[PDB]
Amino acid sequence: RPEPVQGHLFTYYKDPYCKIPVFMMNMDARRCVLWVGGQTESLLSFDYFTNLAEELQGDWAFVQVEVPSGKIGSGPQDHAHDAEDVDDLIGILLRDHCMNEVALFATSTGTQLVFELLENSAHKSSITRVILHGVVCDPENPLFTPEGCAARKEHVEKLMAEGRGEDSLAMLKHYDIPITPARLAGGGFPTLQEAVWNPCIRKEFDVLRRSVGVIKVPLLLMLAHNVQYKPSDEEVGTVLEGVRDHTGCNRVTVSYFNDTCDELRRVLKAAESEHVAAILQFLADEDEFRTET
């Protein structure tokens, strides 16, 4: 278990009954990795973040924000309004905190905010990289079957109709990762399951245009799954090709990690060393492909 890590804490105002805390490490750098996560993820959600930040020390800063919609009484806020809040932070970092570029790093349902931001951000030229982590399952899982997707859409529309958009427990048979109906109701792509895995295996190319297509800068996908699910080599090839051919940058990396996951697509224990090495090397390799000039 990590020792307490030093850094700087501030909040910025959403409305004036909602302050959003931001924890910044190693700001002596001229640029930052900005992490946003799932609704049930906390600052330092992954213990390896302390190691990540420290390895990045001198090269990249490490900044963490807690998603407003992870908190009781946020609205309840959808993915577009949370993305809006993260965009205002990105602006604060660029303008007030000497950051020249940002690598967006999203885990779990944080990846929904990133796709939303990448097509609508006021700061697109400053978001130079994207890192996305996700736990994937079989598309034939009843959750992600055509019927499963339709029943969830309907269920969410009814919950919103009853004014029950903040009750993640009302969502427990129609989805796996904890999520509010309100985050589901706005659209977009909750996780890499909807953004990458399902559309690549089913060859849904117009869906992929809406997701990875909007990413016009280097992309790292970090994929995990519960031991039970054994993606075919074919499926791994289809996903690699589907992502490369349809991302808006040609520089995509797709890596697989030995994270321990439950049967509901949450990481219990990350492959510590693997995550840190894949991130350091992705940032350093894209540092080389750019300085090619």
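All residue numbers are counted from 1 along the displayed sequence.
When the two stretches 168 to 176 and 206 to 214 are set side by side, the higher mean Cα temperature factor goes to 168 to 176. The PDB entry records a higher mean C-alpha B factor for 221 to 229 than for its counterpart among 22 to 30 and 221 to 229. Per the PDB record, residue ranking by Cα B-factor puts residue 48 in the middle third of the chain. In the deposited entry, the Cα temperature factor of residue 58 sits in the middle third of values across the chain's modelled residues. The deposited CA B-factor of residue 80 belongs to the middle third of values across its chain.
Ranked against the other modelled residues of its chain, the C-alpha B-factor of residue 37 as given in the entry falls in the lowest third. Per the PDB record, residue ranking by Cα B-factor puts residue 163 in the highest third of the chain.
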